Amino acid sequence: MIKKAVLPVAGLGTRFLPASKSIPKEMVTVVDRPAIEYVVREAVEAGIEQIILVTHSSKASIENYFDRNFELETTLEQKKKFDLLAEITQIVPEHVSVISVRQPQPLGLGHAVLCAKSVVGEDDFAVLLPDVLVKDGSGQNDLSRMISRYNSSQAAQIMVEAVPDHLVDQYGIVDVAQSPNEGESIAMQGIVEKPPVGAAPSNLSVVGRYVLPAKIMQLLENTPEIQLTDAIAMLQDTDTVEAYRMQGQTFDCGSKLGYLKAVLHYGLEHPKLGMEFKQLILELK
């Protein structure tokens, strides 16, 4: 049922500078590969088949990464390095397609999603914010848990995670009666942006993963900058909308410390370099 995902990648990264000065914030290297690969992986391992990049003129290198590189391939055949040729050819299955649409101007997330309207048509769809990485410890990643819940419930889904009470002021936070269990959804009434450290209706931050109906493109055409949460509220007035509580862990690769935490955590766990990396950490003091 849910086969399309919008990845809004058009935004420059003022928060991961100068790393992203001359390359997309999404192509910054997490262990041995760009951060966007962990996000595209996440989508594909949860049944996506059309990755829709809403992109900017400065970000060919993102499209290129999921395309074939003639000169680099046919100097891994001139040399005899077919292990590597495997790492640059088979990034996503033959049946997964990567599409591009440009965001003319940076008029917000809701505007980004709306640029995708031509491509999503009547299909429901996932939204995945590339600067957030999500790490699963099971065999069903939180995007898949969330999609199967959309599929049965037919309620829009918004991935959330609890934050310390003293930082609710840094995040979108959901208006929810009771906090659901790790892995399940509750009904939600709306999102409060950056509520003061006293007056939040939960400790559950909007993490940056959504499943939404085609309907919302209409809603986005008619908001009071176009911001997503406005269209999500407008959705309240017709349908049920649930907040999904993730089982996994997040890293904001936008913040310098969230990216250094992603390198450490994803590195300890790399198939090959994990044990040799664990070693390099031990040798430090």
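The first residue of the sequence shown is number 1, and the count goes up from there.
The stretch with the higher mean CA B factor, choosing between 215 to 223 and 63 to 71, is 215 to 223. The question of which stretch, 21 to 29 or 269 to 277, has the higher mean Cα B factor is settled in favour of 269 to 277. Across the options 207, 109, 91, 155, the residue with the most elevated CA B-factor in the record is 91. The PDB entry gives the largest Cα B-factor of the residues 103, 97, 181, 203 to 181. Per-chain ranking of the deposited C-alpha B factor places residue 136 in the highest third. In the PDB entry, a CA B factor belonging to the lowest third of its chain's modelled residues is recorded for residue 130.
Ranked within its chain, residue 250 lands in the middle third, by CA B factor from the PDB record.
The deposited CA B-factor of residue 51 belongs to the lowest third of values across its chain.
Ranked by C-alpha B-factor against the other modelled residues of its chain, residue 142 falls in the lowest third.
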